[PDB]
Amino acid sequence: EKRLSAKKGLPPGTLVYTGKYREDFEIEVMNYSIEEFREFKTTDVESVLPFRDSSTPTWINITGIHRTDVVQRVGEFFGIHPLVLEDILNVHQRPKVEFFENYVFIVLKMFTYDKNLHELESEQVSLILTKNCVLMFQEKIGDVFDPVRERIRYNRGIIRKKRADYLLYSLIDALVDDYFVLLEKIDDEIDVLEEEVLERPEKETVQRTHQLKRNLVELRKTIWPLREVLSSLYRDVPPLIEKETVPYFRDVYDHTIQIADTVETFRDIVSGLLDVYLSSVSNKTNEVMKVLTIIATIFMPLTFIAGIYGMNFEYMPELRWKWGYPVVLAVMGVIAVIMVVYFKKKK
C-alpha cells in the first residue's frame, strides 16, 4: 500500500520507481578502445545518447533511476522494450536474465551489511548489453564497480583488449565478488553469536540470533536465482562471444555456486544456535535448582525440630529435664552434617 511491494492496477507498461532512494542523479560514461579511452559525467542525457552507435565499447552508468524520465528516454533510444524498462524501475523483484534479439537484459542485487546494529540493505543494479553499450542502472550513489573503472582507466587487465560482453562480465564479476565480502562479515557474526550463545545468558542473545536468521533467509532468496542467472549466461550466449568470453562467465558461475553453498552451510549452523542456547539456559536452571534444594533441604528438617521444642506444654518431659539443648544442637549439627555428606555427589 505505502512504498512497499505495490504498484497495482497500473497497465503492463508503467514506468514507476518502487524503491526508497530519490536523492542523487548522475550519468557516467566511459568509452574505450585498445588505443585510447575517455570518461565523463553529466546531468544531461542528450550527451550520452549518441554512444548507442559507437564502434568502441561503452559503459553508461545511470545513477538515479528515481528519475523515470531519463530511464524512459534511454530505453526508447536504445529500443528497450517497455516491460523491460518497467522491470528496471520496479526494484522489488528477483534476479534474472532475459535474452532478446538485439539485446541482453540482467537484473542483479548489490548488498550492504551494517554490523553493530546488525542488518542488511540491497540496491538493485540493472544491466543492459546491446551492440557496444553496457547500460547500467542504479538507485543511489555508491557501488562495487570501482575496480573496473580503474581497470579501464589505468589499463590493467584484459578489459582494454576486449569488446562489450567481457565488459558485462567485468561488471558482473565485481558484483558477485562483493558477496564474499558480505559473507566474511556474516561468519564473523556467526562466531560472535555462538560464543554469546553458549557462554552468555541474556534474551538479547535470542533477538540477535533471530536477526541473523532473517538476514540469512533474505540473503538466500536473492542468492539462488543469482546463481541461475549466471548458470543461464553460461549455457546459452546470444551476443556473448564464445571462444573468448564464455569461460569468463563460467568463473562467475563457480563463484555463485561457492557462494550458494556457503550460505547453506551458514544456515545449517545458525539453525542449531538456538538449540545450543536452550541447552545453555535449562542447564543454568539445573544448577540453580540444585542450590535451592540443598539450602531448603538442610534448613527444612532443622526448623521443624526447633519448632517442636518451642511448642507450649506442660506437660513436657524434655523441657525441664534437662541436658537437652546441647543434645538437640548436637543432633542438628549432625543431621545437617550428614546432609552435606550426602551432597558430596552433586554440589
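Heads up: residue numbers just count along the shown sequence, starting at 1.
Visitor: Quick one: higher average CA temperature factor, 315 to 323 or 60 to 68?
Guide: Comparing 60 to 68 with 315 to 323, the higher mean C-alpha B-factor belongs to 315 to 323.
Visitor: Taking the recorded C-alpha temperature factors, which stretch has the higher mean, 117 to 125 or 211 to 219?
Guide: Per the PDB record, 117 to 125.
Visitor: Out of 228, 178, 184, 242, whose C-alpha atom has the biggest B factor in the entry?
Guide: Top of the list by C-alpha B-factor: 242.
Visitor: Once the chain's modelled residues are ordered by C-alpha B factor and cut into thirds, is residue 138 in the lowest, middle or highest one?
Guide: Lowest third - that is where residue 138 ends up once the chain's C-alpha B-factors are sorted.
Visitor: Based on the entry's values, in what third of the chain does the Cα temperature factor of residue 255 lie: lowest, middle or highest?
Guide: Tercile = lowest for this residue's CA B-factor.
Visitor: Can you tell me which third, lowest, middle or highest, the CA B-factor of residue 274 falls into for its chain?
Guide: Middle third.
Visitor: Ranking the modelled residues of this chain by C-alpha B-factor as given in the entry, is residue 264 in the lowest, middle or highest third?
Guide: Residue 264: CA B-factor falls in the lowest third of its chain.
Visitor: Taking the C-alpha B-factors as the PDB entry records them, is residue 190 in the lowest, middle or highest third of its chain?
Guide: Middle third of the chain for residue 190's C-alpha B-factor.
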